[PDB]
Amino acid sequence: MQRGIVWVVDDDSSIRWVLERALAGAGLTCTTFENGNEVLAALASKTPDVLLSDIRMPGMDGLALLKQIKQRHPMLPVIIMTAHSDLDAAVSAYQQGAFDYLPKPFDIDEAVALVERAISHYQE
């Protein structure tokens, strides 16, 4: 009848709180994690219609390696998050670790509306 989920992982200060508030109000069913580690192993199990990824820690991270990212989410939208340099996310996050990206302190609509395009990105 109705489907659509939004996942978000961060630990800034209270973004995922506003992100999950704009993401949930853009589809349905939304969640929020800390680093998004467990989410990884929880991505190859459930896997919503989309997910975020803002951090910079090993073991998981967005682009990180490149393999685990595959299975975990080969086509699934996992966007990304991280300013400064990111020549790796400017490639691996362009056709692998998410085709989307949320660099700099984007906005809500600009963030949510960015997820709405990643969701439909699935349907040719």
# chains A, B, ... in the order shown; residues from 1 in each chain; ligands from 1
>>> residues_around(residues="segment 104-115 of chain A", least_positions_apart="4", cutoff="10 Å", atoms="only C-alpha atoms", output="ChimeraX atom specification")
/A:6,15,18-27,49-52,77-79,81-84,100,119-121
>>> select_by_dssp(residues="chain A", states="strand (DSSP E or B)", output="JSON, numbers by chain")
{"A": [6, 7, 9, 30, 33, 50, 51, 54, 81]}
>>> atom_distance(atom1="atom CA of residue 97 of chain A", atom2="atom CA of residue 74 of chain A")
7.1 Å
>>> select_by_dssp(residues="segment 18-106 of chain A", states="helix (DSSP H, G or I)", output="number ranges by chain")
A: 18-26, 37-41, 67-72
>>> closest_residue(among="A:53, A:96, A:45, A:37", to="residue 66 of chain A", atoms="only C-alpha atoms")
A:96
>>> residues_around(residues="residue 88 of chain A", least_positions_apart="5", cutoff="9 Å", atoms="only C-alpha atoms", output="list in words")
residues 63, 64 and 93 of chain A
>>> write_last_selection(atoms="C-alpha atoms", output="CSV table (one decimal), in the first residue's frame")
chain,number,residue,atom,x,y,z
A,63,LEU,CA,33.0,5.8,0.2
A,64,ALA,CA,35.5,4.2,2.5
A,93,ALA,CA,30.5,8.8,-4.8
>>> atom_distance(atom1="atom CA of residue 85 of chain A", atom2="atom CA of residue 59 of chain A")
20.1 Å
>>> atom_distance(atom1="atom CA of residue 124 of chain A", atom2="atom CA of residue 94 of chain A")
17.0 Å
